[PDB]
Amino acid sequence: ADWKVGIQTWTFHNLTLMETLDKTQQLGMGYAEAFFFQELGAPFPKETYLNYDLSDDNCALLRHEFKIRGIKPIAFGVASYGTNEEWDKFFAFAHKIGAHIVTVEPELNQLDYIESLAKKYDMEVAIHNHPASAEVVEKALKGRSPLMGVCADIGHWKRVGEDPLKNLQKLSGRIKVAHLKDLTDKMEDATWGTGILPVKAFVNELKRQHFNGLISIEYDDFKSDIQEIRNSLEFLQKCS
(Lines of atoms letter the chains of each structure in order from A and count residues from 1; the text may use other names and numbers.)
(Lines give C-alpha, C1' and ligand atoms only; values in the text may rest on other atoms or scores of the structure.)
Protein backbone atom coordinates (compact mmCIF):
# COMPACT_ATOMS: atom_id res chain seq x y z
CA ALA A 1 0.00 0.00 0.00
CA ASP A 2 2.15 2.91 1.25
CA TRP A 3 5.72 1.65 0.55
CA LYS A 4 7.45 -1.39 -0.97
CA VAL A 5 9.50 -3.94 0.97
CA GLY A 6 12.27 -5.67 -0.98
CA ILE A 7 15.42 -7.66 -0.35
CA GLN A 8 19.03 -6.77 -1.07
CA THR A 9 20.31 -9.86 -2.89
CA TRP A 10 23.69 -9.22 -1.19
CA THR A 11 22.02 -10.96 1.78
CA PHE A 12 22.55 -14.26 -0.06
CA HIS A 13 25.67 -13.41 -2.10
CA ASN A 14 27.07 -16.89 -1.25
CA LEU A 15 24.21 -18.36 -3.28
CA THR A 16 23.25 -18.00 -6.94
CA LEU A 17 20.71 -15.30 -7.85
CA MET A 18 18.06 -17.96 -8.63
CA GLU A 19 18.61 -19.49 -5.17
CA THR A 20 18.46 -15.97 -3.72
CA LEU A 21 15.08 -15.45 -5.41
CA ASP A 22 13.87 -18.78 -3.98
CA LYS A 23 14.84 -17.52 -0.51
CA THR A 24 13.08 -14.24 -1.27
CA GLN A 25 9.91 -16.30 -1.95
CA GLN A 26 10.30 -18.11 1.38
CA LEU A 27 10.64 -14.72 3.08
CA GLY A 28 7.46 -13.51 1.35
CA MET A 29 8.79 -10.43 -0.48
CA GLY A 30 7.85 -9.18 -3.94
CA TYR A 31 10.83 -6.94 -4.78
CA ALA A 32 14.61 -7.17 -5.12
CA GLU A 33 17.63 -4.85 -5.25
CA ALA A 34 20.27 -6.89 -7.05
CA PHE A 35 24.05 -6.49 -6.91
CA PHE A 36 26.19 -7.37 -9.94
CA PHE A 37 28.58 -10.31 -10.41
CA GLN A 38 26.42 -12.84 -8.58
CA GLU A 39 26.31 -16.19 -10.37
CA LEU A 40 22.86 -16.47 -11.94
CA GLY A 41 22.38 -20.25 -11.62
CA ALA A 42 20.11 -22.65 -13.53
CA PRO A 43 18.33 -22.19 -15.93
CA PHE A 44 21.29 -19.98 -16.88
CA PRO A 45 24.45 -21.80 -17.84
CA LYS A 46 27.30 -22.15 -15.35
CA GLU A 47 29.71 -19.18 -14.97
CA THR A 48 27.09 -16.69 -16.21
CA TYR A 49 26.93 -13.77 -13.76
CA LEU A 50 24.72 -10.70 -13.33
CA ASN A 51 26.17 -7.78 -15.28
CA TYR A 52 25.06 -5.30 -17.90
CA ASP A 53 26.59 -7.40 -20.72
CA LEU A 54 23.87 -10.10 -20.63
CA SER A 55 22.53 -11.10 -24.06
CA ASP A 56 18.98 -10.17 -25.06
CA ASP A 57 18.04 -13.85 -24.68
CA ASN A 58 19.48 -13.95 -21.15
CA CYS A 59 17.82 -10.61 -20.32
CA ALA A 60 14.47 -12.06 -21.41
CA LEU A 61 15.12 -15.21 -19.38
CA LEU A 62 16.05 -13.12 -16.33
CA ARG A 63 12.78 -11.17 -16.62
CA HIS A 64 10.84 -14.44 -16.89
CA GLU A 65 12.60 -15.94 -13.84
CA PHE A 66 11.65 -12.94 -11.68
CA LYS A 67 8.08 -12.92 -13.00
CA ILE A 68 7.27 -16.61 -12.34
CA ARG A 69 8.36 -16.11 -8.70
CA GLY A 70 6.17 -13.03 -8.18
CA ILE A 71 9.20 -10.81 -7.54
CA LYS A 72 9.85 -7.51 -9.37
CA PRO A 73 13.47 -6.70 -10.31
CA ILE A 74 12.74 -3.19 -9.07
CA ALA A 75 16.30 -2.02 -8.38
CA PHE A 76 19.93 -2.59 -9.18
CA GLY A 77 22.84 -1.23 -7.17
CA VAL A 78 24.90 -0.02 -5.59
CA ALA A 79 26.76 1.13 -8.70
CA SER A 80 29.81 3.36 -8.27
CA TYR A 81 31.25 3.46 -11.79
CA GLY A 82 34.11 5.65 -12.98
CA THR A 83 33.29 6.08 -16.69
CA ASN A 84 30.39 7.35 -18.78
CA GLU A 85 30.37 4.16 -20.86
CA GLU A 86 29.77 2.07 -17.73
CA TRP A 87 26.95 4.33 -16.52
CA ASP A 88 25.33 4.24 -19.95
CA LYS A 89 25.48 0.43 -20.14
CA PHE A 90 24.19 0.11 -16.55
CA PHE A 91 21.13 2.33 -17.15
CA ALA A 92 20.40 0.59 -20.47
CA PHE A 93 20.53 -2.78 -18.70
CA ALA A 94 18.33 -1.65 -15.80
CA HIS A 95 15.76 -0.44 -18.34
CA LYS A 96 16.01 -3.63 -20.39
CA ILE A 97 15.35 -5.82 -17.32
CA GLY A 98 12.55 -3.48 -16.25
CA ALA A 99 13.96 -1.96 -13.08
CA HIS A 100 12.34 1.28 -11.90
CA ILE A 101 15.18 2.37 -9.59
CA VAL A 102 18.95 2.22 -9.46
CA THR A 103 21.00 2.89 -6.34
CA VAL A 104 24.27 4.67 -7.03
CA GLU A 105 27.34 6.16 -5.34
CA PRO A 106 28.77 8.70 -7.79
CA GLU A 107 31.05 11.71 -7.60
CA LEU A 108 29.42 15.15 -7.76
CA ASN A 109 30.83 15.79 -11.27
CA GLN A 110 29.01 12.66 -12.55
CA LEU A 111 25.54 13.84 -11.45
CA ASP A 112 24.83 15.88 -14.60
CA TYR A 113 25.59 12.90 -16.85
CA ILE A 114 23.69 10.50 -14.57
CA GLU A 115 20.64 12.81 -14.59
CA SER A 116 20.63 12.77 -18.42
CA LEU A 117 20.53 8.96 -18.31
CA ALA A 118 17.73 8.98 -15.71
CA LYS A 119 15.68 11.17 -18.07
CA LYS A 120 16.63 9.17 -21.18
CA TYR A 121 15.50 5.87 -19.60
CA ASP A 122 12.82 7.22 -17.21
CA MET A 123 14.88 5.59 -14.43
CA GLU A 124 14.72 6.78 -10.86
CA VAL A 125 18.06 7.29 -9.13
CA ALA A 126 18.71 6.88 -5.40
CA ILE A 127 22.04 8.45 -4.50
CA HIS A 128 24.03 6.87 -1.67
CA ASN A 129 26.79 9.13 -0.27
CA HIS A 130 30.13 7.67 0.94
CA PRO A 131 29.70 5.83 4.29
CA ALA A 132 28.71 17.97 5.70
CA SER A 133 26.78 14.81 4.74
CA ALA A 134 23.13 15.95 4.84
CA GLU A 135 23.95 19.39 3.39
CA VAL A 136 25.76 18.14 0.27
CA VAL A 137 22.99 15.80 -0.97
CA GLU A 138 20.35 18.54 -0.56
CA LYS A 139 22.58 21.13 -2.23
CA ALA A 140 23.51 18.73 -5.05
CA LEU A 141 19.91 17.65 -5.72
CA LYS A 142 18.29 21.12 -5.53
CA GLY A 143 16.74 21.98 -8.90
CA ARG A 144 17.39 18.53 -10.42
CA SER A 145 14.68 16.31 -11.94
CA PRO A 146 12.36 14.48 -9.49
CA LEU A 147 13.98 11.23 -10.74
CA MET A 148 17.16 12.22 -8.85
CA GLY A 149 16.67 11.09 -5.25
CA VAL A 150 18.35 9.64 -2.17
CA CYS A 151 19.16 6.14 -0.94
CA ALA A 152 18.99 6.60 2.83
CA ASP A 153 20.86 4.28 5.19
CA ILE A 154 18.97 3.35 8.34
CA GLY A 155 21.88 2.90 10.73
CA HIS A 156 21.28 1.51 14.21
CA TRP A 157 17.63 2.14 14.97
CA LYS A 158 16.88 3.85 17.32
CA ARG A 159 19.09 6.24 19.33
CA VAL A 160 18.00 9.63 20.70
CA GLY A 161 18.95 12.47 18.33
CA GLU A 162 20.46 10.14 15.69
CA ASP A 163 17.21 9.27 13.91
CA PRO A 164 18.07 8.78 10.20
CA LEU A 165 14.45 9.35 9.12
CA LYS A 166 14.21 12.72 10.94
CA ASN A 167 17.22 13.93 8.90
CA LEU A 168 14.92 13.81 5.82
CA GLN A 169 14.36 17.55 6.50
CA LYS A 170 13.74 19.39 3.18
CA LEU A 171 14.30 16.38 0.87
CA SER A 172 11.66 14.13 2.49
CA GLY A 173 9.96 13.42 -0.83
CA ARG A 174 13.26 12.84 -2.62
CA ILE A 175 13.91 9.79 -0.37
CA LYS A 176 13.36 6.89 -2.77
CA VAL A 177 15.10 3.97 -1.04
CA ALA A 178 15.83 3.07 2.58
CA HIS A 179 18.61 0.54 3.21
CA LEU A 180 18.09 -1.59 6.31
CA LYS A 181 21.41 -3.28 7.06
CA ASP A 182 21.73 -6.22 9.48
CA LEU A 183 18.00 -6.51 10.07
CA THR A 184 17.23 -8.25 13.35
CA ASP A 185 14.16 -9.88 14.86
CA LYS A 186 11.69 -7.03 15.56
CA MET A 187 14.60 -4.60 14.90
CA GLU A 188 15.94 -5.36 18.34
CA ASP A 189 19.35 -3.90 19.07
CA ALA A 190 21.96 -3.74 21.84
CA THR A 191 21.00 -0.05 22.06
CA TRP A 192 17.30 0.86 21.89
CA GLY A 193 15.32 4.09 22.22
CA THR A 194 11.65 3.14 21.98
CA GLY A 195 9.04 2.08 24.53
CA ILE A 196 7.32 -0.15 21.96
CA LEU A 197 8.80 -2.85 19.68
CA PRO A 198 11.46 -1.03 17.63
CA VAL A 199 10.08 -2.30 14.32
CA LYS A 200 6.61 -0.98 15.29
CA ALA A 201 8.10 2.44 16.11
CA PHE A 202 10.02 2.38 12.83
CA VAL A 203 6.90 1.62 10.79
CA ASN A 204 5.01 4.38 12.63
CA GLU A 205 7.70 6.90 11.66
CA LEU A 206 7.60 5.83 8.04
CA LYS A 207 3.82 6.35 8.14
CA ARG A 208 4.23 9.76 9.77
CA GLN A 209 6.75 10.85 7.12
CA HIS A 210 4.54 9.37 4.37
CA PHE A 211 7.45 7.34 3.03
CA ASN A 212 6.31 5.64 -0.17
CA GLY A 213 9.61 4.42 -1.62
CA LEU A 214 11.41 1.11 -1.31
CA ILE A 215 12.54 -0.39 2.00
CA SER A 216 15.43 -2.55 0.88
CA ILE A 217 16.46 -4.99 3.60
CA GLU A 218 19.72 -6.83 4.17
CA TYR A 219 20.51 -9.29 6.94
CA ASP A 220 23.26 -11.66 8.01
CA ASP A 221 21.96 -14.98 6.67
CA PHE A 222 24.49 -16.91 8.75
CA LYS A 223 23.30 -15.34 12.03
CA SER A 224 19.55 -15.23 11.26
CA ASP A 225 17.01 -17.57 9.68
CA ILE A 226 13.89 -17.06 7.54
CA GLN A 227 11.47 -17.42 10.48
CA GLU A 228 13.27 -14.74 12.50
CA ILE A 229 13.29 -12.23 9.65
CA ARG A 230 9.63 -13.02 8.83
CA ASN A 231 8.80 -11.63 12.31
CA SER A 232 10.14 -8.22 11.26
CA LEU A 233 8.80 -8.42 7.69
CA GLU A 234 5.35 -8.92 9.25
CA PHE A 235 5.25 -5.32 10.54
CA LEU A 236 7.14 -3.81 7.60
CA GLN A 237 4.61 -5.29 5.14
CA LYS A 238 1.26 -5.56 6.96
CA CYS A 239 1.26 -1.83 7.68
CA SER A 240 1.26 -1.42 3.89
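Numbering starts at 1 and runs along the sequence shown.
query: Does the entry skip any residues of the deposited sequence between residue 98 and residue 99, and if so, is it 1 to 3, 4 to 9, or 10 or more, or none at all?
result: According to the record, the chain runs unbroken from residue 98 to residue 99.
field: 162-170 set against 104-112, stretch whose average Cα temperature factor tops the other in the entry
entry: Mean CA B-factor is higher for 162-170.
message: If you average the CA temperature factors as listed in the entry, which stretch comes out higher, 150-158 or 82-90?
response: Of 150-158 and 82-90, the stretch with the higher C-alpha B-factor average is 150-158.
- request: Please work out which residue in 125, 75, 134, 71 has the highest C-alpha B-factor recorded for this crystal structure.
  value: Checking the PDB record, the top C-alpha B-factor among 125, 75, 134, 71 is at 134.
- prompt: Among the chain's modelled residues, which third holds the C-alpha B-factor of residue 33?
  reply: CA B-factor rank for residue 33: lowest third.
message: What third of the chain does residue 182 rank in for C-alpha temperature factor, lowest, middle or highest?
response: For residue 182, whose C-alpha B-factor we compare with every modelled residue in the chain, the answer is the middle third.
- prompt: Would the CA B-factor of residue 239 place it in the lowest, middle or highest third of its chain?
  reply: For residue 239, the deposited C-alpha B-factor lands in the highest third.
task: Place residue 39 in the lowest, middle or highest third of its chain's C-alpha B-factors, as listed in the PDB entry.
output: According to the entry, residue 39 has a C-alpha B-factor in the chain's lowest third.
- request: Looking at the entry's B-factor column for C-alpha atoms only, identify whether residue 233 ranks in the lowest, middle or highest third of its chain.
  value: CA B-factor rank for residue 233: middle third.
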